[PDB]
>>> print(open('data_25.txt').read())   # compact mmCIF, C-alpha atoms
# COMPACT_ATOMS: atom_id res chain seq x y z
CA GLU A 141 19.16 -36.26 -4.18
CA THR A 142 15.93 -35.43 -2.37
CA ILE A 143 14.70 -31.86 -1.98
CA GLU A 144 11.96 -30.77 0.39
CA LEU A 145 9.61 -28.24 -1.19
CA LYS A 146 7.90 -26.50 1.72
CA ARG A 147 4.37 -25.57 0.62
CA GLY A 148 2.94 -24.23 3.85
CA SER A 149 1.19 -26.76 6.07
CA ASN A 150 2.68 -29.60 4.01
CA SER A 151 5.89 -30.31 2.11
CA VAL A 152 6.39 -32.24 -1.12
CA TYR A 153 9.62 -34.21 -1.47
CA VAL A 154 10.99 -34.69 -4.98
CA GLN A 155 14.26 -35.83 -6.53
CA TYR A 156 16.64 -33.25 -8.04
CA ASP A 157 16.11 -34.49 -11.57
CA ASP A 158 12.33 -34.35 -11.24
CA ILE A 159 12.90 -30.60 -11.42
CA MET A 160 13.30 -28.85 -14.76
CA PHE A 161 13.86 -25.44 -13.22
CA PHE A 162 12.86 -23.12 -10.39
CA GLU A 163 11.16 -19.78 -11.06
CA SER A 164 10.63 -16.56 -9.14
CA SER A 165 7.55 -14.60 -10.23
CA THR A 166 6.37 -11.11 -9.31
CA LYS A 167 2.88 -12.61 -9.08
CA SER A 168 3.70 -14.81 -6.08
CA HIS A 169 5.58 -14.68 -2.81
CA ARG A 170 6.38 -18.38 -3.40
CA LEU A 171 8.86 -19.82 -5.86
CA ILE A 172 7.63 -22.24 -8.52
CA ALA A 173 9.19 -25.67 -9.05
CA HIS A 174 8.62 -26.81 -12.62
CA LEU A 175 8.37 -30.57 -12.47
CA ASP A 176 8.02 -32.87 -15.46
CA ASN A 177 4.23 -32.94 -15.31
CA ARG A 178 3.18 -29.99 -13.17
CA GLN A 179 4.20 -26.89 -11.24
CA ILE A 180 4.37 -26.71 -7.44
CA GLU A 181 4.69 -23.46 -5.48
CA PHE A 182 6.90 -23.51 -2.39
CA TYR A 183 8.94 -21.35 0.00
CA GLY A 184 12.58 -20.86 -0.82
CA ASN A 185 15.17 -18.65 -2.42
CA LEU A 186 16.91 -19.00 -5.74
CA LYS A 187 20.41 -18.36 -4.40
CA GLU A 188 20.17 -21.16 -1.86
CA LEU A 189 18.72 -23.53 -4.46
CA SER A 190 21.55 -22.85 -6.89
CA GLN A 191 23.93 -23.92 -4.11
CA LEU A 192 22.35 -27.32 -3.48
CA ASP A 193 24.19 -28.99 -6.35
CA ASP A 194 26.48 -28.27 -9.32
CA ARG A 195 23.68 -29.21 -11.71
CA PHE A 196 21.61 -26.23 -10.55
CA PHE A 197 22.55 -22.90 -12.10
CA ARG A 198 21.23 -19.35 -11.76
CA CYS A 199 20.95 -18.27 -15.40
CA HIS A 200 18.59 -15.32 -15.02
CA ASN A 201 17.26 -13.14 -12.21
CA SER A 202 14.10 -15.26 -12.29
CA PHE A 203 15.41 -18.79 -12.94
CA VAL A 204 17.55 -21.56 -11.53
CA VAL A 205 17.87 -24.38 -14.05
CA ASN A 206 18.65 -28.06 -13.67
CA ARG A 207 21.39 -28.74 -16.22
CA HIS A 208 20.49 -32.44 -16.26
CA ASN A 209 17.11 -31.58 -17.75
CA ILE A 210 18.23 -29.11 -20.41
CA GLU A 211 17.61 -30.35 -23.96
CA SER A 212 18.96 -27.35 -25.88
CA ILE A 213 19.86 -23.67 -25.54
CA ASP A 214 19.24 -20.98 -28.13
CA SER A 215 22.12 -18.65 -27.25
CA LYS A 216 20.94 -15.97 -29.68
CA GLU A 217 17.40 -15.58 -28.33
CA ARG A 218 18.53 -16.73 -24.88
CA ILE A 219 15.92 -19.47 -24.52
CA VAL A 220 16.60 -22.63 -22.48
CA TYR A 221 14.58 -25.71 -23.47
CA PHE A 222 13.84 -28.59 -21.10
CA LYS A 223 13.09 -32.27 -21.61
CA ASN A 224 9.39 -31.70 -20.88
CA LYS A 225 9.11 -28.99 -23.58
CA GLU A 226 8.99 -26.11 -21.10
CA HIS A 227 11.42 -23.24 -21.58
CA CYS A 228 12.85 -20.40 -19.56
CA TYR A 229 15.11 -17.45 -20.35
CA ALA A 230 18.76 -16.69 -19.70
CA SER A 231 20.41 -13.30 -19.25
CA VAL A 232 23.07 -12.04 -21.66
CA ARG A 233 25.44 -12.38 -18.69
CA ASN A 234 24.83 -16.06 -18.03
CA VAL A 235 23.54 -17.73 -21.19
CA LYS A 236 26.91 -19.05 -22.37
CA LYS A 237 27.81 -20.30 -18.88
CA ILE A 238 24.84 -22.67 -18.56
>>> encode(input="data_25.txt", output="structure tokens")
Amino acid sequence: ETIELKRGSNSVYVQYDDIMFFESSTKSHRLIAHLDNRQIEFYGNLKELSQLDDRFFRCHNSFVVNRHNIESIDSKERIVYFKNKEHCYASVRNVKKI
């Protein structure tokens, strides 16, 4: 369950469940892997990442979440909470499918 996060000159290798979620941001050309203790930018695409494993799920245009690290979901406000206290958002379309 190892994923290579290509950073540029170097890669970081982490386990699937080290990842809370992946984020696309308009402020970077790189995606952001939200790990338990820090964020790491890397080159990738959300669609491909969602296909690596059933636990990964595209819940928003900007986010692919790791279901194994979800603590709770507020379906009304569409907020997804992770074990490390980070959150992301879910679209109306996908919130109930997470």
>>> atom_distance(input="data_25.txt", atom1="CA of residue 151 (chain A)", atom2="CA of residue 167 (chain A)")
21.2 Å
>>> closest_atom_pairs(input="data_25.txt", of="region 161-227 of chain A", to="region 232-238 of chain A", cutoff="7 Å", atoms="all atoms listed in the file", output="tab-separated table")
residue	atom	partner	partner_atom	distance
A:197	CA	A:238	CA	6.9
A:199	CA	A:234	CA	5.2
A:200	CA	A:234	CA	7.0
A:215	CA	A:235	CA	6.3
A:218	CA	A:235	CA	6.3
>>> residues_around(input="data_25.txt", residues="residue 171 (chain A)", least_positions_apart="4", cutoff="9 Å", atoms="only C-alpha atoms", output="ChimeraX atom specification")
/A:162-165,180-186
>>> closest_residue(input="data_25.txt", among="A:220, A:160, A:192, A:228", to="residue 178 (chain A)", atoms="all atoms listed in the file")
A:160
>>> atom_distance(input="data_25.txt", atom1="CA of residue 155 (chain A)", atom2="CA of residue 226 (chain A)")
18.3 Å
>>> atom_distance(input="data_25.txt", atom1="CA of residue 159 (chain A)", atom2="CA of residue 212 (chain A)")
16.0 Å
>>> residues_around(input="data_25.txt", residues="residue 209 (chain A)", least_positions_apart="5", cutoff="10 Å", atoms="all atoms listed in the file", output="number ranges by chain")
A: 156-161, 176, 195, 221-224
>>> closest_residue(input="data_25.txt", among="A:148, A:154, A:166, A:230", to="residue 201 (chain A)", atoms="all atoms listed in the file")
A:230
